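These notes concern the structure reproduced below.
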Amino acid sequence: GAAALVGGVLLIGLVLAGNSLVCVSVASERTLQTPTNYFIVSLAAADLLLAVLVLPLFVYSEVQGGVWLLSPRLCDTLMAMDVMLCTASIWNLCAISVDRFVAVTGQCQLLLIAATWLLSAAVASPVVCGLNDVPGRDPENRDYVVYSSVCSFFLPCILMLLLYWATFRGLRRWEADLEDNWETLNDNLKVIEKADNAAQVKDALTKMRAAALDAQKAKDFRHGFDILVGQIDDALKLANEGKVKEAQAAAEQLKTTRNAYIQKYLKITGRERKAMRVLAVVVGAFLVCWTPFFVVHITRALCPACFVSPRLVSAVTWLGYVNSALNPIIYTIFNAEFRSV
Amino acid sequence: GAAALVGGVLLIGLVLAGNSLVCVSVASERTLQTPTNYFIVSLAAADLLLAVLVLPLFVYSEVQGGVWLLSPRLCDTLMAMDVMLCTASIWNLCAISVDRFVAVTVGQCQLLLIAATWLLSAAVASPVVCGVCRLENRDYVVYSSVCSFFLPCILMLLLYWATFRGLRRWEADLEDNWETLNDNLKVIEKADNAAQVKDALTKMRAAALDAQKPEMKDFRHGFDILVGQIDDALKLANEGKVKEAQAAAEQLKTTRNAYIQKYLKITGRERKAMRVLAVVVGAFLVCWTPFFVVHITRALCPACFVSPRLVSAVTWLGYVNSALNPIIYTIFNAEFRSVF
Ligand SMILES: Clc1ccc(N2CCN(Cc3c[nH]c4ncccc34)CC2)cc1
Ligand SMILES: Clc1ccc(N2CCN(Cc3c[nH]c4ncccc34)CC2)cc1
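Going line by line, the protein sequences match chains A and B. With the entry's author numbering applied, the first sequence corresponds to residues 31 to 135, 144 to 177, 183 to 218, 1001 to 1043, 1059 to 1106, 304 to 378, in that order. With the entry's author numbering applied, the second sequence corresponds to residues 31 to 136, 144 to 168, 179 to 218, 1001 to 1042, 1056 to 1106, 304 to 379, in that order.
The following block contains the structure:
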């Protein structure tokens, strides 16, 4: 019976302690404050707000079985608060995964959070006096629940889908433009070690120094790229002077040098691959826990003579609010970048 | 029950004593005009207003027996005054915590904050115009109990843990620079060729500048002094002279282990300036928590017993914080502690 009591108090306690640390970490440290992390702070503070203006009163309503006792104005304020807060969290996800496009030329990160917070209100603000004191309310409204289920769920869902697909395509294009140089350098070194005349080593060193500039597309990565370019130019000069017998040893030293930075560059490669993975994980948790919710909230409201399942309604509400405590868990146990506890 | 009025009169007298003492100390020191004490003026004003416009008539009622013979419109005016002042006190405590956290995290942008503080204190006291003389409302009661206590309490708690974490990070960064300079100086004492000296001295300069983040100026004067001495050593070293690197490193080590005394004194001063925040916010919570908890409970649990003795006790407990906060400000921090 009172399964919502224990579960509710555990959820509210671990969401009070959950997103609060995400706010105490950024505003304290300086090496971790980024516009991405500022968006994360806005998102977590949005989840911290829902833990008090909705969760306790929602749980107390669920204790009586869902039967409301106070007037209509208080219930309308609490419901509009919940709509604004969920819309704000999902549009904070929107702004976060929009800022996660480093392929763009500090920045005006104010506008994203501001528009998120404004449309969160603008979509949830017009309560029109609880639908104009609709008659026989006794103890949600048409043509507005549909609006707050489309503009607050479906549209940001397609936004997340578009953003992750664009991220996939962009990272694949970046790694392809890098793999071009990856293969050209090996082919040219092989040619140098197997050439026949002074022009073949020259062409191989040309194509080697050619691929050196196509990789400039994005601190210690600078000091590494400046030492081997001089060696490549020395090898090019030696090959220009008809010194293949010396260009071979030059290429041996060049391989021994560049393979020293290979092992430092692949770490950054895996660095960003894991970042994209954790982004996908955050969006996937959002979907997992808020899809059955808004699916029910749109279908049962649009499908009258179809089963709605009261138990399913309460369960999808509990799941959607479990998401509110899932995103600060993902930046915690699923992601190891937030070392400051 | 004569002891009730005795305690009430003593509490009113001590509210007057504490807040008027804050006022007189501000008006007789001239060195208290700092952002730390900038908010205490609003606190003293709000507490004196609570002790003149509520507490006399509040105790009138409390000794009358809760009957209240006053017209319900004057009752609503007094209730609005009490809401406004109890809201202004808590919002100004939140603003104190805000100022502390911002001073930890980074001119005069607190006038807007105090103006909004008192404006919102008035905004929560307006629906009493359209509302026994208790909080005779259900929807409004929860609203005022939530927006005026349940929000600022957790907000200042979060800001206070943020102050703790930021101060710990500042401490850790400066201790890291300390040990980095220790290691680099122990290296230069034993350095061999000149390129290693150049690299290590670049490292030392980088650490010295990375640490650079009435007496806060005397700490930075040693910063630029050490920077200029590192520049001296770097010139004498890149000129191809190894012994002069150590010659300058001797005085650099002297300056380094000399500034640490003032650094640790500053760390102790910051810890002491945060402990007063701890005590103040903790006492405020202890005093003003059960009142609003029982209020929101009685507003959420109608057919649930709330004895009026609880009402009187928690109201006295709430007013105890308005009595105590100037005393707590005077006991801690050496501005008022060393004068008296
Ligand atoms: Cl008697 C009673 C008392 C309180 C409540 N609560 C109010 C807040 N909630 C509304 C809500 C949660 N998620 C949403 N998503 C989109 C649109 C609306 C919502 C639901 C729970 C419900 C019944
Ligand atoms: Cl029969 C009777 C007669 C007079 C009173 N008084 C009215 C003014 N007071 C209201 C009050 C105290 N703290 C608050 N915090 C937030 C909001 C309102 C308040 C309490 C004392 C009470 C009962």
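Note that the Cβ used here is the ideal one computed from N, Cα and C, for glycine as well.
Exercise. Give a yes or no on whether the minimum CB-CB distance between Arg310/B and chain A is below 8 angstroms.
Key: no
Quiz item: On the three-state DSSP scale, how would you describe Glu1008/A?
Solution: helix
Quiz item: What residues in the region 187-208 of chain B bring their beta carbon closer than 8 angstroms to a beta carbon of chain A?
Solution: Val189, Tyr190, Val193, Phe197, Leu198, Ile201, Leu205 and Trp208
Quiz item: What residues from the region 101-128 of chain A come within 9 angstroms of chain B, judged by C-beta to C-beta, listed N to C?
Solution: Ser101, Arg103, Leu104 and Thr107
Exercise. Kindly list, in the order they appear in chain A, the residues whose Cβ is closer than 8 angstroms to that of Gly213/B.
Key: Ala57, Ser58 and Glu59
Quiz item: When the Cα atoms are used, what is the spatial distance from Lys311/A to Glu218/B?
Solution: 31 angstroms
Quiz item: With a Cβ-Cβ cutoff of 8 angstroms, do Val1026/B and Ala1087/B count as a contact?
Solution: yes
Quiz item: In three-state DSSP terms, what is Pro177/A?
Solution: coil
Quiz item: Taking the alpha carbon of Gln1093/B as the point to measure from, which residue in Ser346/B, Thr66/B, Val332/B and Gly1070/B has its own alpha carbon closest?
Solution: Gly1070/B
Practice problem: Would you check if the distance between the CB atom of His334/A and the CB atom of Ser192/A is smaller than 8 angstroms? | Solution: yes
Quiz item: Do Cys340/B and ligand 1 come close, with the Cβ less than 7 angstroms from some heavy atom?
Solution: no
Quiz item: Would you say the region 1025-1040 of chain A touches the region 209-218 of chain A, given that touching needs at least three Cβ pairs under 8 angstroms?
Solution: no
Self-check item: Beta carbon proximity, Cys53/A to chain B, threshold 8 angstroms
Solution: yes
Quiz item: How big is the Cα-Cα spacing for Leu80/B and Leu123/B?
Solution: 16 angstroms
Quiz item: Is the number of C-beta pairs between the region 366-377 of chain B and the region 44-63 of chain B that are closer than 8 angstroms three or more?
Solution: yes
Quiz item: Buried or exposed: which applies to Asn364/A, given that a residue is buried once 16 or more other Cβ atoms fall within 10 Å of its Cβ?
Solution: buried
Exercise. Compute the beta-carbon to beta-carbon distance between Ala1090/B and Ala1100/B, rounded to the nearest angstrom, for a pair I have assumed lies under 8 angstroms.
Key: Their Cβ separation, rounded to whole angstroms, is 15 angstroms, which puts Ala1090/B and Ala1100/B out of contact at 8 angstroms.
Exercise. Can you say whether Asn1013/B is buried or exposed, counting buried as having 16 or more other CB atoms within 10 angstroms of its CB?
Key: buried
Practice problem: Measure from the C-beta of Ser163/A to each C-beta in chain B and report whether the shortest distance is under 8 angstroms. | Solution: no
Quiz item: Apart from the five residues on each side of it in sequence, which residues of its chain come closer than 8 angstroms, Cβ to Cβ, to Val93/B?
Solution: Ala34, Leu35 and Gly38
Quiz item: Where does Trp355/A sit, in a helix, a strand or coil, going by DSSP?
Solution: helix
Quiz item: Beta-carbon of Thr135/B versus every beta-carbon of chain A: anything under 8 angstroms?
Solution: yes
Exercise. Could you confirm whether any beta carbon from chain B is found closer than 8 angstroms to the beta carbon of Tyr68/A?
Key: no
Practice problem: In angstroms with no decimal places, state the Cα-to-Cα distance between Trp1007/B and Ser377/A. | Solution: 21 angstroms
Exercise. Answer yes or no: the CB of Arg348/B versus the heavy atoms of ligand 2, is any distance below 7 angstroms?
Key: no
Practice problem: Evaluate contact between the region 111-127 of chain A and the region 66-78 of chain A, counting only Cβ atoms and requiring at least three cross-stretch pairs below 8 angstroms. | Solution: yes
Exercise. Check the Cβ-Cβ distances between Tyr368/A and every residue of chain B, and say whether any is below 8 angstroms.
Key: no
Quiz prompt | Exposed unless 16 or more other CB atoms sit within 10 angstroms - verdict on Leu41/B | solution = buried
Quiz prompt | Proximal residues of chain A, C-beta to C-beta of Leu339/B below 7 angstroms | solution = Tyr90
Quiz item: Using a Cβ cut-off of 7 angstroms, which residues of the region 74-85 of chain A contact any Cβ in chain B, in chain order?
Solution: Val82
Quiz item: Under 8 angstroms between C-beta atoms, does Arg1034/B make it to chain A?
Solution: no
Quiz item: When the cut-off is 8 angstroms and only beta carbons count, does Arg181/B lie next to chain A?
Solution: no
Practice problem: Run the CB neighbour count on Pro199/B, radius 10 Å, all protein chains shown included, and call it buried at 16 or more, exposed below. | Solution: buried
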